[PDB]
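Chains as they are written, first to last, in this note's numbering: chain A, 4 to 99; chain B, -14 to 66; chain C, 459 to 667; chain D, 1410 to 1538; chain E, 3 to 201. To keep things clear, I will list the structure first and then write my remarks on it.
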Amino acid sequence: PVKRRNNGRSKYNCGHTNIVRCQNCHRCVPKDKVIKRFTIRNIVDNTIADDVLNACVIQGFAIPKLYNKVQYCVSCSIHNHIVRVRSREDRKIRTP
Amino acid sequence: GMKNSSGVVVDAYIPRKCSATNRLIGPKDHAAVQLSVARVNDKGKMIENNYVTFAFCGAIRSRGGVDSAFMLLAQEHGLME
Amino acid sequence: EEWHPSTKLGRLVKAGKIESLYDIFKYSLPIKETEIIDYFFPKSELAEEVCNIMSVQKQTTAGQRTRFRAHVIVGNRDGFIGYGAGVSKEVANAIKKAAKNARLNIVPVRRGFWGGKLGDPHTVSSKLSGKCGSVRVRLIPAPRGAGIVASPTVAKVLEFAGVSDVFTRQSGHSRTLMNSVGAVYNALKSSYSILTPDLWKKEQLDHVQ
Amino acid sequence: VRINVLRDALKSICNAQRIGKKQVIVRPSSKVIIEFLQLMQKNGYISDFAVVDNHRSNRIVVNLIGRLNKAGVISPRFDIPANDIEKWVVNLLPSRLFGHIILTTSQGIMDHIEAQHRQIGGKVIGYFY
Amino acid sequence: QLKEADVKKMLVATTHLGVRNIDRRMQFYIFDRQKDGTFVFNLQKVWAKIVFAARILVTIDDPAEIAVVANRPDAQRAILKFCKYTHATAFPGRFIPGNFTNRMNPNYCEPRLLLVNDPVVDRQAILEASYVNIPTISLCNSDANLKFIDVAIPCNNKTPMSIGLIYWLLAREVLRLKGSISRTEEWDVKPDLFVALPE
RNA sequence: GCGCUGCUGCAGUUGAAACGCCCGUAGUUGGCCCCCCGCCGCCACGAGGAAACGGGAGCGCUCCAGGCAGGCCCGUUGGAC
RNA sequence: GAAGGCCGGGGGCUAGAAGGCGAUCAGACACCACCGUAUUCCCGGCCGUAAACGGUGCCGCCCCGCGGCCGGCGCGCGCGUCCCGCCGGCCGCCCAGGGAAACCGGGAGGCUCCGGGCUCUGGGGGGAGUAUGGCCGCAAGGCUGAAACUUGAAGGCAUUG
Ligand SMILES: [Mg+2]
Ligand SMILES: [Mg+2]
Ligand SMILES: [Mg+2]
Ligand SMILES: [Mg+2]
Ligand SMILES: [Mg+2]
Ligand SMILES: [Mg+2]
Ligand SMILES: [Mg+2]
Ligand SMILES: [Mg+2]
Ligand SMILES: [Zn+2]
């Protein structure tokens, strides 16, 4: 039977879409079926930021960040708890 | 009123017809209801106890629109303008 | 001890205020008491039959749990028929429950004439169809003296409903008794809800009841 | 492409009645539709209707009053012998007491009862009841 | 008819105000949409609806067979006053399923009419009523679903000021029709009572 | 039986089954409108042309399967259609 | 007319069928590590297949309600890239209705109350997309396409363990 109305992807008004590679296994995945998360974080973690600032010389120096986009396949997202297997009624919820 | 060759009726009973859709109401249409509306005296404030009666079938009720049908029916049978 | 009505309809029935069951059907009141139908049928005119008795199992940690489901019909052979079901751990209580449920729900069956109108109605008013599961049934008016052209099971229902002449057609997996009986029951139930031109006459409502 | 105007008209009418409306619109205004509606009106199923001119396939408006249960067409017009009508009657209509089958003859558009009276046949247009 | 006292009480009660959303079945009662988005009802239409509903209610001979349901904690006081002066029945709080079909329920009754303040919070009972051949009357906002609703009263059903006023007017009209109070004299009871007073 | 060959009257998302898509000839199907003329189809009637079989009016081979006989004062006895 | 593959010429960095080598294993010529040929890129020309899927043919009519996005147009005002509409397109939820059900509902609706027009396919499971012929192709292979014999179940959606 059919499990999902979207067939497990976000493909509308097209036939083919460009592909990407999973960041942990390097599998090839369609761009509309891969799982994406955007993260922003500090280069130096939060415990040593004060020490870094005290040792710094510039006045008002701002800690630079890291801007990265992580892409994972279905198998690797599940294995790393990125997504959870949900119940039949809860598969229709679409909030973060 | 199904008549015989002699013209005598032979139907067990004549059920009710919805006031709006002119449709028969079955013995099991448990969502079918009938209401009544009061007549008012010339002086007003008082009721003459003559109640005009209406009935709406379950299908129309589920479909909605009972309100407007009721309005038109009342205006037809009442100068409620 | 005695029948203490638990409903307004039951109380009115215990009192001699209501005089016929047709006086109840005309306003589509649900029935919940089995005492109401015997009061109108004091002499037990209604018949009874047990169409089928099947055993249903449920898998469990330890072995299996069995149960019994039964189907029952009742009628007085004069424009009244009812169908009901009951399931229980023992056959007898299942049969009692099925009989009670069948008595609870009851509908009138409309009848008519094929061509010539002489004497009492002898067949169904017109074409009737019902649907339950995969099974479909068609009821066709027939001439006098044609008998009942149908399978033994359906013919039992039509007999208990008070018909003498009719043609029938069946479709689907007819070997499933419950759905065949349900389809014929639905077709018969639909009989009095079908508009015909003689009923086009415009009747004003009645404030009483 | 559009072909049988009568079928579309009848389907629209039945759909409108099913939800108990009172007025409908039908784009085509063919003569055959007009005679069909005239027969319906005379028998007492649809009451009144009007034809709205526009120089481009006039439109028509009809009123409903319940009563009607079903109405259809027969897409390829068969030929009906005057003596071969009971089979179609039994196959198509619910009962022999009520219902009207429309036939087009050399004598005009009429019902199966009328043609049976005159012992003539023709082609079948549709039915209603 | 509509009198200045009633209209002024309404506009100071914010009764004519609705909601951003609109339904195709409630556009007959709308007069205009404000610039922000809030819809505005018609006072004459709602007054006529109230009068018609009062007629239908008084048509019932035994007031004790009329049901009042209000899960909204704001309406409790208004509904209690309504039943107290109108000698009707109340089902405040949670509505137990089976209260109309299960005769073994301790609070089982066979009403003839059902009154509601909002289907979204009380449509659970509406279905029960549909199972037992019971007409329904409800107070409906700008956007509402008419599923087994026979008569609707277009008005805001959120603010206490609106709810108490509507019930008080309904009680006034039904009493006047019954013949206890003539139209000329103001009713002894004040609308401030029907409104829930904090603390 | 069988609506499991489906004209009446099957099925074609998941059971067996919509050609990968477009153009396109034979083929099939084709909006509305003219009041009376001619032609094709169509409907009704009629002629003409073998019986038996089949349907069917009448006749008591003791009934019947059958046959066209038979009674007295028989339609010109009948065997119609 | 994807990818792979073939013919003739170019070019030659990545990855990488075949092949080799190290581990793991009872064995491992496989999964993991490393090296690496054809290929992957361009031109000209063949092949003509895919879960080539919305597993749902094309044209056409009616059809509860709500909402989002895209393009064009118009209306109104307090002029904001405002809100009120029209056309066309891509989507989500859903009342009726339908169905074995999962589900569809911009139909899988208007169908045993069983007739809008055209085309194609199927008739229990295997043997078998096999044999034998025919056509196309450099080839790999594609289109078309049986029988004998065998067998009592194979399958679909859903329920409890
Ligand atoms: Mg699975
Ligand atoms: Mg694709
Ligand atoms: Mg398949
Ligand atoms: Mg290639
Ligand atoms: Mg395919
Ligand atoms: Mg069909
Ligand atoms: Mg088949
Ligand atoms: Mg086979
Ligand atoms: Zn990865």
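We put the beta carbon where it would ideally sit given N, CA and C, even for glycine.
For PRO137 (chain E), there is no enclosing beta strand (DSSP E), as DSSP marks it with neither H nor E.
Assignment of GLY11 (chain B) by DSSP, reduced to helix, strand and coil, places it in the coil class.
At a cut-off of 7 angstroms, the C-beta of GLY1508 (chain D) has no neighbouring C-beta in chain B. A Cβ-Cβ separation of about 5 angstroms places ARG105 (chain E) in contact with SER464 (chain C) under the 8 angstroms criterion. For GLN26 (chain A), the CB falls within less than 6 angstroms of some heavy atom of ligand 9. Closer than 6 angstroms to some heavy atom of ligand 2: that describes the Cβ of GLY18 (chain A). Under the Cβ distance rule, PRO1503 (chain D) counts among the residues neighbouring chain C, one pair being separated by less than 7 angstroms. The C-beta of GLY(-14) (chain B) comes closer than 7 angstroms to at least one C-beta of chain C. Unbroken alpha helix (DSSP H) runs of no fewer than 4 residues, entirely contained in the stretch 30 to 91 of chain E, are found at 45 to 60 and 78 to 88, following chain order. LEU129 (chain E) is classed as exposed because its beta carbon has fewer than 16 other beta carbons within 10 Å across all chains shown. Residue pairing by DSSP places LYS149 (chain E) opposite no residue, since no beta bridge is assigned to it. According to DSSP, residue pairing for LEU20 (chain B) in a beta bridge involves B:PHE39. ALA5, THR6, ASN7 and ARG8: these are the residues of the stretch 0 to 12 of chain B whose beta carbon lies less than 7 angstroms from some beta carbon of chain D, given in chain order. Checking the DSSP bridge columns, you'll see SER513 (chain C) partnered with C:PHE526. Residue contact with chain B for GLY1475 (chain D): present (Cβ-Cβ distance below 7 angstroms to some residue of chain B). In the three-state scheme derived from DSSP, where H, G and I count as helix and E and B as strand, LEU117 (chain E) is classed as strand. Against chain C, the beta carbon of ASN1478 (chain D) has neighbours under 9 angstroms at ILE652 and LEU653, listed in chain order. Relative to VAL615 (chain C), the option among C:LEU576, C:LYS558, C:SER638 and C:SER629 whose CA is nearest is C:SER638. Here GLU1495 (chain D) is exposed: its Cβ has fewer than 16 other Cβ atoms, across all protein chains shown, within 10 Å. The beta carbon of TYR497 (chain C) lies closer than 8 angstroms to those of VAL471 and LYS472 in the same chain, with the five residues before and after it left out.
Each residue's CA atom was taken as its position, placing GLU92 (chain A) and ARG7 (chain A) some 12 angstroms apart. In this structure, the CA atom of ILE1522 (chain D) is about 21 angstroms from the CA atom of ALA600 (chain C). Secondary structure note for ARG469 (chain C): its alpha helix (DSSP H) is the uninterrupted segment 466 to 472. Inclusion of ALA5 (chain B) and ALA54 (chain B) in the CB contact set at 7 angstroms is warranted, their separation being smaller than that value. The Cβ-Cβ distance between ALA556 (chain C) and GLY540 (chain C) does not fall below 7 angstroms. In this structure, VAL14 (chain E) and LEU45 (chain E) do not form a Cβ contact; the two beta carbons are roughly 13 angstroms apart against a cut-off of 8 angstroms. At a C-beta separation below 7 angstroms, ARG48 (chain B) has these neighbours in chain D: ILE1428.
Contact note: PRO488 (chain C) reaches chain E through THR103, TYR133, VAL134 and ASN135, using a C-beta cutoff of 9 angstroms and chain order.
Here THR186 (chain E) is not near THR16 (chain E), since their CB atoms are 7 angstroms or more apart.
If you draw a straight line from the Cα of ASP25 (chain E) to the Cα of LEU1512 (chain D), it comes to about 47 angstroms. Chain-order list of chain B residues neighbouring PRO601 (chain C): empty, with the shortest C-beta distance near 16 angstroms, by a criterion of under 8 angstroms.
According to the DSSP assignment, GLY588 (chain C) belongs to no alpha helix (DSSP H) but to the beta strand (DSSP E) extending over 586 to 590. Taking 7 angstroms as the threshold, the shortest C-beta distance from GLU67 (chain E) to chain C does not fall below it.
Only those residues of the stretch 462 to 481 of chain C whose C-beta falls short of 7 angstroms from the nearest C-beta of chain E are listed: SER464, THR465 and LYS466.
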